[PDB]
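# Examining the three-dimensional arrangement
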Amino acid sequence: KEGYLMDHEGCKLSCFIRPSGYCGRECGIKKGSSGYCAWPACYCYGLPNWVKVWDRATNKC
């Protein structure tokens, strides 16, 4: 599964002025296989199906 990671508040995880590879790391902590800064937010590939990703409809940010 792919999508934007969220923080604890339901906001997309920002990658404004982060080092390169930040989003790949954060995606990997959630067991994703790849990620990148889809500026301004981290986007992941290869997440297991149980991982919650951002959804605009239900956003709480």
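Look above for the structure.
Cut-offs applied
- Residues numbered from 1 in each chain as written, not as in the entry; some residues may be left out.
- Heavy atoms only, no water.
- Helix = DSSP H or I, 4+ residues; strand = E, 2+ residues; numbered from the N terminus.
- Buried < 20%, exposed > 50% of the residue type's maximum accessible area, 1.4 Å probe, protein only.
- Core = buried A, V, L, I, M, F, W, Y, C linked by side-chain atoms within 4.5 Å.
- Contact = heavy atoms within 4.5 Å.
- Disulfide = S-S within 2.5 Å.
- Salt bridge = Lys/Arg side-chain N within 4 Å of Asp/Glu carboxyl O.

For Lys52, the location among the structural elements is in the segment after β3 (41-45). Assessed through its relative accessible area of 48%, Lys52 is described here as partly exposed. Sequence-wise, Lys52 and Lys1 are 51 residues apart; in three dimensions their C-alpha atoms are separated by 9.8 Å.

This part covers the nonpolar core. In terms of nonpolar packing, the biggest core is built from 11 residues, these being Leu5, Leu13, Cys15, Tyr22, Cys23, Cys27, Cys42, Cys44, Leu47, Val51 and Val53. Of all the elements in the fold, those that place two or more residues in this core are α1 (22-29) and β3. The element contributing the most residues to this core is α1, with three residues. Those residues in contact with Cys44 that lie beyond four places of it in its chain are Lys1, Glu2, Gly3, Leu5, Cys27, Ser34 and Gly35.

Turning our eyes to something else, we now look at the state of the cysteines. Inspection of the entire model under this criterion finds four disulfides. In this model, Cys23 is linked to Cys42 through a disulfide, with the two sulfur atoms separated by 2.0 Å. In this structure, the disulfide formed by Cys23 and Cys42 twists by about -75 degrees around the S-S bond and is classed as left-handed. Of this pair, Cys23 sits in helix α1 while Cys42 sits in strand β3; the two residues are 19 residues apart in sequence, bridging distant segments of the chain. Note on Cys23: relative accessible area 2%, which makes it buried. Judged by its relative accessible area of 0%, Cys42 is buried. Taken in sequence order, the bonded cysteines of the protein link in the pattern 1-8, 2-5, 3-6, 4-7.

Take the pattern of salt bridges next. Throughout the structure, instances matching the rule amount to one salt bridge. Here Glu26 and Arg25 are joined by a salt bridge, their closest N and O atoms 3.2 Å apart. When its relative accessible area of 19% is taken as the criterion, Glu26 is described as buried. The exposed category is assigned to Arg25, whose relative accessible area is 51%.

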